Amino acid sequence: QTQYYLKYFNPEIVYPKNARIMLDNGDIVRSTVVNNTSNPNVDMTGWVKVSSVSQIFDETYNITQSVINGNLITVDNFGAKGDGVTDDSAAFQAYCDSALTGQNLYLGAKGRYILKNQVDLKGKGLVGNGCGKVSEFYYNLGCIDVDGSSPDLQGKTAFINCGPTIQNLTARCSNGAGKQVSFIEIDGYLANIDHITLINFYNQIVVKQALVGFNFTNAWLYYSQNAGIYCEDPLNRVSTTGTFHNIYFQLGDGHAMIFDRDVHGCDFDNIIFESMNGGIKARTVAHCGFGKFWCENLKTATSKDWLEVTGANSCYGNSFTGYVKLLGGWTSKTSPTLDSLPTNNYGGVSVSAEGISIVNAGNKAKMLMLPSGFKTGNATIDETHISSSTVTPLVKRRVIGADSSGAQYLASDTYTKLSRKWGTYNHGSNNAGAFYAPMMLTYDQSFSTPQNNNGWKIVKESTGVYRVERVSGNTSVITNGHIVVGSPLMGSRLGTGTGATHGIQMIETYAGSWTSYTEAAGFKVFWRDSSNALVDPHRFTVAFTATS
């Protein structure tokens, strides 16, 4: 009054419904009741503040601005400044303690949020305001900036009790060298971590308990002092089913990842180690998948394995199925071309352009396929059936030429207990053929015991008459076989040089077995001198086959 509007509360006045006056601070209040005689400066019953968002409406929706302000709540709602100077830890904590906030903590649109004290997320996840490059340009636009010089953070993790989300985040530690300040603690059971950039800290990601259903992707993890990702697993729960994809570890003083204990069934792919002092370290790595790794340079170390498994025979069952690039000091115990050890191999299948190989932890056996053919780690190559119960022989087929139409002809071999052959075929005359590796067997009267081949031995029956005979228990037979008798050493083991002439006679299995069915138990060799008298060589060879 008169030429401006201003009226303060007057205890003599009765204010009607909708009457407006000013509080002593100048803010306008509106009476919501008839006959209002209450002083709004001490009692707001029957009054509302007109500048409150509960009294402001969006006519598009016919709701209050108060309701619209529930759409997105951030740390800015709780007084966070994000100004690169002011400690926002209390505001972050108030956010996490509030009944109004959702599953995650959110940053405001723009801000470098300083934290000088530990924040207990109380099970809330963490969502930032962008996943930036490792530069001041991005830190100034949007990040969490933990004050590593703060005495209350020394030896501690900046965020504890994180929920199942860390995403869309840039977070650094400033002035924390030597202070062992780690960034965030998150439980290993059920996590999605994606699109993060972490800078400095001791341990960047501290996994609590053990991995299970833990997914981690698209992370730039720079300058950690101890580890990018650390999992102590103090109760030895055994980590499983963790995925680690698209991670760039750069210029860390320690390792990329440290598991103090055991990891099973985890997957690692498209990982970069650039100037780290260690790759992935674990006690036990079992049935894990490893894809592409790019390992280039070491910070201060001279030589490090990209994967370091400390337990004896504790690296096994793995799939090393991406190329591992090694430059500037990195080594590998998983290459297909690596020679096997008798024990403590990094067990698994290894597949890359280097080779296709497979090895177990506790044995020398290793097979490798290369463009040239095959290599073995134990000087042995087995060929058998997939079924352990099948006891048939194998047949090998091999291209040896063409048939008359010009198509490839694959010839079949034979390798049974009784026969070794390699098939062939004459397409001119249309006849099968074969090449033979016969049984060879030598008689020598100077042997302490008779030589035996496959259940046959040679014995003297009488002067000039020798039996190539079956020993007890040999029930196998010769069927239509080939027979060659070798050269005699006469008179002594050295031989005199005199000769002799041989003939043979078959030994039947039953009466008529040979005559009628070309089945024989064995055969006799008869030796005679130039006067056709029976004579005894000191030593002689025979060669024969058990089939045609």
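Numbers for residues come from their place in the sequence shown, where the first is 1.
**Student:** If you average the Cα B factors in the entry, which is higher, 92-100 or 145-153?
**Tutor:** Averaged over C-alpha atoms, the B-factors run higher in 145-153.
**Student:** Taking the mean of the C-alpha B-factors per stretch from the entry, tell me the winner out of 436-444 and 222-230.
**Tutor:** Taking the mean B-factor of the alpha carbons in each, 222-230 is higher.
**Student:** Report the option among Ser54, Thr501, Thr498, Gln505 whose CA atom has the maximum B-factor in the deposited record.
**Tutor:** Spelled out: the listed residue with the top C-alpha B-factor is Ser54.
**Student:** Looking at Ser412, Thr217, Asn168, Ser335, which has the highest CA B-factor as recorded?
**Tutor:** Each of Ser412, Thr217, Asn168, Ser335 was compared by C-alpha B-factor; the highest is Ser335.
**Student:** Place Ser174 in the lowest, middle or highest third of its chain's C-alpha B-factors, as listed in the PDB entry.
**Tutor:** Answer is highest: the recorded C-alpha B-factor places it there.
**Student:** When the modelled residues of the chain are sorted by Cα temperature factor, does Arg20 land in the lowest, middle or highest third?
**Tutor:** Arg20: CA B-factor falls in the middle third of its chain.
**Student:** Check where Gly289 lands among this chain's C-alpha B-factors and tell me if it's the lowest, middle or highest third.
**Tutor:** For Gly289, the deposited C-alpha B-factor lands in the lowest third.
**Student:** So where's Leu534 on the chain's Cα temperature factor ranking, which third?
**Tutor:** Middle third - that is where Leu534 ends up once the chain's C-alpha B-factors are sorted.
**Student:** What third of the chain does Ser513 rank in for C-alpha temperature factor, lowest, middle or highest?
**Tutor:** Its C-alpha B-factor belongs to the middle third of this chain's values.
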